[PDB]
Structure formats: structure tokens, C-alpha cells
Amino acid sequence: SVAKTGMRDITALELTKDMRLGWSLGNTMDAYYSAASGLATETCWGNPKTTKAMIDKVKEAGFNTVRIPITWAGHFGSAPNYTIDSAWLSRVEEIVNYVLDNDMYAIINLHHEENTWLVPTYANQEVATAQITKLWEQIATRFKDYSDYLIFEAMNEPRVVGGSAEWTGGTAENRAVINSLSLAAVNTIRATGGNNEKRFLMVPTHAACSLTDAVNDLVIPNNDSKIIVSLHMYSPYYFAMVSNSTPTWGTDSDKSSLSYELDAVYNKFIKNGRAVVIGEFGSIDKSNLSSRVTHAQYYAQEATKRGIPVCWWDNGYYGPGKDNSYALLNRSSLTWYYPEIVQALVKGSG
């Protein structure tokens, strides 16, 4: 286990290079139903209750990072304390230890918070600041003594859900409020003791997008050297995410468009000494395995050459021709639906 190996003398760029290739436990601790569901949210989107044996298979395949997306909304109480349900926090800790016991990196975040409370407007800034502070105070305190293999991702895809700028990079107001929220979260985490003064932290742009105005307006809290930028880049959009559209990938235009997107991130952040994790990418199943393999290998290869680790979104949803069919692992048989994609990712990562 790497749970109690402490804090190395290491830079963020060095750490992200070692993170290498990641896998998110998607549609699991991030799934939601209602305030009545409690611990049953984990299984409400069709993933069996997580076991260490599932994580063992991820390690065995060659991944070196597991991201554990967690929706806290539905599991915390009223203002002003926003107390997190003790059983929920204990369940998160069990899963964190499945990952660290496999000698891998673990990322924990706040996930689908934007639908209720994480609304980045000037009007809501005071309330959202108090709330993100109270939540991270509790989460960071619980995880304070873990080693540098545990990373905190402060927010997921902060944005005003339903508004016109949701997928266009936000408004300037939205981006300023997000910077205020990440500053409050980082300052809260750093003040909680244990190893949290030294822990590596991930901070997203608006909606974790790579659009120019979103990447340019991101402010690293305190210019802290242990902050990593979090981007979600399901690139290119139609091939990766949209059913009944664009089932092929692999032309020179396709490759150069993806290299351009990754060059933009490399030139903006990596070459300027700022580490980046692409915390989500992937492709849905359009009965197009050969294109998905070519895309996975090229994405991982070109990101690795630029010092950027990538994390596949494995939501456990299987469905050729269906929306959001990103599954790679069958968590019940403990066998892979698409070992060819896994092999392409691991090979591309080096």
C-alpha cells in the first residue's frame, strides 16, 4: 500500500508524469437519485457495489491512477454546517484504500454539485464560498494523514447549469467566481493539518473545458506550486460523445486537430511549468472498435509526449449504439469488454 508513505520531495510535473494513465470509477460515488437514497446512490446507476477486486483488475491492466468522482449533494445537511453523513465519508474512505492498497494514485473530488449549490454567480458567491469551505474542511480533515498518492480535486465542472454560457467557456463573472471558490477551497484544505499543507491539488477551468477564455482566466490560488490544472477533453466532440454521428476517427485532419488541442494545453500550461491532468476523456461505443482503438492510442501517446496524463471515464455503462456507453471493465465478471482499448491506452502511455 502507498497510503502512509508520506510526502516526497517532488514537483507537480514530476508527479503527473508518474500518474501516467488513469481510470475513473464513473457513475458510482458520483451517481445520484434523491435526498432519501443515502448509501444506495452508489449502485443506483447500475454499477455493483465497488470492491477491491474491481480495483485490482484496473491495476493489473496497467493503469496507475484511479479517480473516484464523488457527488456530495444528497449526503450533507443544512447550512451553516453542511455536515457530511458519516457513513458516506466512511464509504469514500474504503474505496480510497482499495486504490492506495494497489500502489496507485487516487483522486477524490466534488462531482455533480452544480445542479444544486455550486452555482458560480456573483449573487451566489458568498453562500457557495461558505459551503465549499465547510465541505472541504470535513473531507480534508478526514484524509489529512494520507500520502502524496492521494490528490484532492477541488471541483469538477463548475458552471451555471442550463445557462447560455454553460458549454461556451462561461461568462467572465462565472470564471471570476470559480477563481474565488478555488482560492477558498485551497486555503481551507491547506489549513487542516496532517500532510494537507503539501498535498497536490487539482483545480478546473470553467466546466473543466479547454476553451481559450476559460484557460486564460483561470487563476492558480496563491500561485501555489502544488496545484495541477484539471481539464476534461472528450476530443473531438462528435466522435467521442455523440451517438448516431461521426463513427470514424483516424485521418490526418483528425490527428492534427487532436494534436492542436493538446499542443494548446502543452503551450499554455506544461511549457510554462504548470502541470495538467486530463481527468476525463473517452469515446462511446458506436460499433466502431477500430476507430476507438486508434483514437485511444493516439490520444494517450500524444498526451504522454507532452507530459500530460490522461484518465478514461469508465462509467460502467455498456451499450453499443447507445448514449454514454463508455464502459471498459465489466465489474461483475471482472473481465474487460474492450481489452483492445485498454491495451491501446497502456501502450500509448509508454
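Quick note: we count residues from 1 along the sequence shown, nothing fancier.
According to the PDB record, 319 to 327 carries the higher mean C-alpha B-factor of the two stretches 64 to 72 and 319 to 327.
Stretch comparison (185 to 193 versus 99 to 107) by mean CA B-factor in the PDB entry places 185 to 193 on top.
As recorded in the PDB entry, 214 shows the highest C-alpha B-factor of the residues 130, 214, 227, 231. In the PDB entry, the Cα temperature factor peaks, among 49, 295, 59, 52, at 295.
When the modelled residues of the chain are ordered by their C-alpha B factor, residue 143 lands in the lowest third. Among the modelled residues of its chain, residue 12 has a C-alpha B-factor that falls in the lowest third, as given in the PDB entry. Among the modelled residues of its chain, residue 26 has a C-alpha B-factor that falls in the lowest third according to the deposited record. Sorting the modelled residues of the chain by their CA temperature factor places residue 239 in the highest third. In the deposited entry, the Cα temperature factor of residue 279 places it in the lowest third of its chain's modelled residues.
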